[PDB]
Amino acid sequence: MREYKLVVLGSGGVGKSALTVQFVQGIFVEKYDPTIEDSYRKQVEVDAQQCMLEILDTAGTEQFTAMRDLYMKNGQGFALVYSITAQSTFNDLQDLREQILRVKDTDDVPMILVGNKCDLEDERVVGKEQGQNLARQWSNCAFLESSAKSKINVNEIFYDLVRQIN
């Protein structure tokens, strides 16, 4: 079966681990905080094609490890995650995407922009239009708002990322 090596990146606390675990294992981590940059496997079918996904849950950017450039070079597709409740985490993604393109030495890189914590509408600071505008600036329309807690668009992040790799 075709295998897809995916990498989840973003600033600290945005829900990288929560999204990965919700997708792969169907459970919400609550306050449990993985401290390993681990990989998580799940088989799916996207557009009538079977896919084995292996998803790497990276450390928050503030706390990035010596392995990060390896991940950026070798990953086949990237989910760049922010929280809709923290503008800093959103703006941080511009530099982060630039780093990936620098490492890859091309702009042709499968990527999805993910505004997580969409269940926290009362605490929103990043507008949905802001996310759409960033995706447009990147010339890549793949953009979702998600909630690892409520299971909104969680599977779709990974399906849509697969669609770009295909």
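So that there is no doubt, residue numbering starts at 1 and follows the sequence shown.
Higher mean CA B-factor, judged across 52-60 and 122-130 from the recorded values: 122-130.
Mean CA temperature factor is higher for 157-165 when stretches 157-165 and 4-12 are set side by side in the entry.
As recorded in the PDB entry, 141 shows the highest C-alpha B-factor of the residues 27, 111, 114, 141. In this PDB entry, residue 102 carries a Cα temperature factor that places it within the highest third of its chain's modelled residues.
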